[PDB]
């Protein structure tokens, strides 16, 4: 139900023309209260000058999937970005399968906080970690 709702949201992105189109290749794995797990295969359209996952796209995945985890919350408010931090620990090479897990850490009347981990699906090793503060 909630999962189906989100899957529809992700389905829409594909055909969309705004910046959300960039997440067209992601696939939904799970959706639970305040926790969303997506997956994606790195393709050329996802790479930087040197052939690995572009930090800007990692940032984009942190931003949107974080909002998704927020949507799967009781209040369901998406919110507006305030601050975002991203630590890059290991490159994600072309053809690599990545797992994106978003956690709503806490949310109050006006502020929501989330944490997103990207990991190498095959190794479980951390690729990057983002923290997102949103204004509700």
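Positions refer to the first chain, counted from 1.
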{"item": "125-133 versus 2-10 - greater average Cα B-factor per the deposited record", "value": "2-10"}
{"item": "Mean C-alpha B-factor comparison - 25-33 and 56-64, higher one", "value": "25-33"}
{"item": "Among modelled residues of the same chain, the CA temperature factor third for residue 85", "value": "lowest"}
{"item": "Residue 104 - which third its CA temperature factor falls in, relative to the rest of the chain", "value": "lowest"}
{"item": "Among modelled residues of the same chain, the CA temperature factor third for residue 92", "value": "middle"}
{"item": "Residue 38 CA temperature factor, ranked by third within the chain", "value": "lowest"}
